[PDB]
Every structure is written in C-alpha cells, then in structure tokens.
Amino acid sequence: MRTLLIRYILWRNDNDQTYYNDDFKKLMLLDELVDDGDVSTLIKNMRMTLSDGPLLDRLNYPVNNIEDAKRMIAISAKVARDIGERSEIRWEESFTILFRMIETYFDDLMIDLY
C-alpha cells in the first residue's frame, strides 16, 4: 500500500505513461470525495507561498475514519495533478505525513479498493 500510493501520487504529477499501472483506476475513484474548489484554493496558496506548506497543512489534519484517509489520498492525488510536474516538491516529506496519518488504514483501504 505504501509503495502503490507513492507510485500513484508521483504518476498523478507527471502523467508519465511508462509509470502507469491499472491499480491506479481504483484509486482514481477516490477523487469524487474531494471538491475541485478546495484543490484550486490549496494550489493558489502553494503558489502564493512558493512551497508545499499548504499541502503539508492539509495532510496534518486528523484522520479519524477510512473516509478521512480516502480523502487525504484524493487531496494528495488532485494537488499532485494540478500543481504541475515542473513543481520542485520534496514529495517524501508529503508522503512522511500522509502515511503517518493513513498507515493504520492500509489493510482496510486495500480490502475496500481490491
């Protein structure tokens, strides 16, 4: 789950066909859980501050249920997409926080998705 999620988020960023996998299709369904307006707001802030700061702030939100986790994956995915591949983001820092929150839900997320 850790690997798959890293691979998926990175893929959402650059859209490199050479790194696409069909397991991404299921994870892509989680996008409906996140409003595009929230993503736009987040991107605007990231650009305003020239940092992943606003993304890390969103990732530092509490995760109390699997739906909360699904949303964090989706927000990471849509931000990754919308920010653009040129964006010099230290992705491992975002993954550190994302997984710090969602790690426990990995077993259930895997069942829920596949």
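Residues carry their position along the shown sequence, with the first being 1.
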query	finding
Mean Cα B-factor comparison, 15-23 or 88-96, giving the higher one as deposited	15-23
33-41 versus 49-57 - which carries the larger mean C-alpha B factor in the record	33-41
Third of the chain, ranked by Cα B-factor, where residue 5 sits	lowest
Chain-relative CA temperature factor third for residue 74	lowest
Chain third (lowest, middle, highest) by recorded CA B-factor, residue given as residue 83	middle
